[PDB]
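Enquirer:
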Amino acid sequence: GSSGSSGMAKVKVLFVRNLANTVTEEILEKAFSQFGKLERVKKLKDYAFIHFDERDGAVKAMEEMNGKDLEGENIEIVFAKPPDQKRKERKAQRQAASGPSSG
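For the sequence shown, the entry's author numbering assigns the number 327 to the initial residue and increments by one for each residue that follows.
1) Apply the 10 Å Cβ neighbour rule to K417 and answer buried if 16 or more other Cβ atoms are within range, or exposed otherwise.
2) Buried or exposed, going by whether 16 or more other CB atoms sit within 10 Å of the CB of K407?
3) Give a yes or no on contact between the region 360-370 and the region 395-404, applying the rule of three or more CB pairs nearer than 8 Å.
4) Would you identify the three-state DSSP class for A387, choosing helix, strand or coil?
5) For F405, tell me which candidate among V337, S328, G333 has the shortest Cα-Cα distance.
Here's what the structure looks like:
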């Protein structure tokens, strides 16, 4: 059936969105703190990222706050993607066939 969705991820950072107009890093801490030791909080346009000292501390504050009425707004928490970026490239191709001529 369409029960829902389940899985397993090794992410410590929690992606919280749908923040109110009175929500700040300080509020995101104390809230996502009581659960477990926090590392840092990054606020954005409307959403923000909650950094947890441990991957566990998050899982808790995640399934605990996930969809909680924060400041009168139901915020959504989803395991954010890990910071993995790079520019890989390697090739070898060069040739020039001028081949002059006259009339």
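Note that CB positions come from ideal geometry on N, CA and C, so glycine has one too.
Expert: Per the coordinate set shown:
1) The residue in question, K417, is exposed, as its Cβ has fewer than 16 Cβ neighbours within 10 Å.
2) The Cβ neighbour count for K407, taken over all protein chains shown within 10 Å, is under 16; the residue is labelled exposed.
3) no
4) helix
5) The shortest Cα separation from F405 among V337, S328, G333 belongs to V337.
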